[PDB]
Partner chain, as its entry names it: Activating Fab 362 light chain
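To begin, one chain is listed below as structure tokens, in the form deposited without its partner chain.
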């Protein structure tokens, strides 16, 4: 914020003083007993026997507008000063309004500052990009021996792109000033009062190689001498943070439902109309969003912009929750992995894991799901809205809850009932000593993740509801749903779309969810076998959190 001016009695020196910067006066370097200083009314002097600082009232109308005299004894030293205004303004307040300490630090929190960029993936496009403005109030003859340059570091040049508005708020594809080939650009700025606009976009999300910060700097160069290299008289910069990709949980109000089978769509359209949300007809993707003060856009990841564990079916997120003081307003991303690494065990690709962490707003949690033949966490866990407590309920698949249901059917006298209507008897399933040992192991696997979710999400038992579900053993001792899993249901607010288990099973599940004020409608064919993968029924785009991610302190 400081500049040092060294004056000398032999020759009057010229200097530029940018409004908003502390200007220091050097005296003893070229001086003698005492000194006295008299200046112009437009120059403020505050400090005499032999530190002096200068403050400008306003901008200059001509070169050498103001002056300062240094009397030492008595020989006088002259100083012709030029006060100019240079300010690179952006949305540092995050209130959607552009405003001109510290300016070189991006800070999390409500009492913090720092602008936000959106990832890109005509005025129509300009409504997405961020806006920074440059204000210059200089003498009319100032830029004959001075020049400004906007620049970004070579490491961040490919992560960002800056445009210059040619006519008003419009621009062409040739008006680029900063990009993955142009680390810097010389600005053509006229004398007098002039404000030019810049439109900035991000080219990449935060990652393990890119923390998510982009600094754009303006520099004032002195070009009064042809023989000597350019001299930096002043530098100002604004720090941009690239907005993270944020996942939305089932507790967030739905907006649009997608589906892809005959009697299936009828029950879906019924539920969508009851919850009053859009449904369009035309599983390996996740529909999140990016949020900026000016605009908020839906983003879909898969491969409205855009092993067996690398899928996004293994990607889930919890409702807002507070864990041991630490608050997670956007919830926590949940995904599956093995307990310990081995040659036969699999894990999510490290690139995908690190990407989730880069978006610090939803601190990921490694769960145990390697036991499942598919391996996705949504096979044994889910979330539903609740009127009381923390406002939600964690749904876990439970072989014990289902075995208790069957064992009482024998007690009631309904042990002759058959399912899958190859069909099998309920008495045979209960008497099946082999199946009981399998579900006992499956129960154990879920019980581990149960305590994991109770710990990392800070949950009590009064926040968990066990959904009766049976599991069998596929090849390589892997687990698999015995019947269509209820837990992987479709949540549309207070209107559920639980898969039909093929009823006594349906009767119990409702008794667990209906007291929460939930409407249970079962679907004949939620899941369909594609020949050799099982595909999910639908997909939902839900309303982004009211909580602004930048106000969070990871």
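Residue numbers count along the first chain shown, from 1.
According to the record, 4 to 9 deposited residues between residue 73 and residue 74 are left without atomic coordinates. Set 190-198 against 205-213 and average the Cα temperature factors; 190-198 ends up higher. Stretches 357-365 and 404-412 differ in mean C-alpha B factor, with the higher average recorded for 404-412. Reading the B-factor column for the CA atoms of 540, 536, 19, 15 in the entry, the top value corresponds to 536.
Note on the listed residues 219, 322, 350, 103: the highest Cα temperature factor in the record is that of 103. Per the deposited record, the Cα B-factor of residue 181 falls in the middle third when ranked against the other modelled residues of its chain. In the deposited entry, the Cα temperature factor of residue 110 places it in the middle third of its chain's modelled residues. When the modelled residues of the chain are ordered by C-alpha B-factor, residue 283 sits in the middle third.
Annotation for residue 552: CA B-factor lies in the lowest third of the chain's modelled residues. In this PDB entry, the Cα temperature factor of residue 455 sits in the bottom third of its chain's modelled residues, the lowest group.
The discussion below concerns the form deposited with its partner chain bound, not included here.
Comparing 108-116, 80-88, 192-200, 265-273 against its partner chain in the deposited complex, the single stretch with non-hydrogen atoms within 4.5 angstroms of it is 192-200. Comment: its partner chain is not present in this chain, but in the deposited complex one of 360, 255, 71, 175 has a heavy atom within 4.5 Å of it, namely 175.
Taking 185, 137, 94, 427 one by one, only a single residue has any non-hydrogen atom within 4.5 Å of its partner chain in the deposited complex, and it is 185. By the criterion of a heavy atom within 4.5 Å, residue 164 is counted among the residues contacting its partner chain in the deposited complex. Using a 4.5 Å cut-off on any heavy atom, none of the residues of 368-396 reaches its partner chain in the deposited complex.
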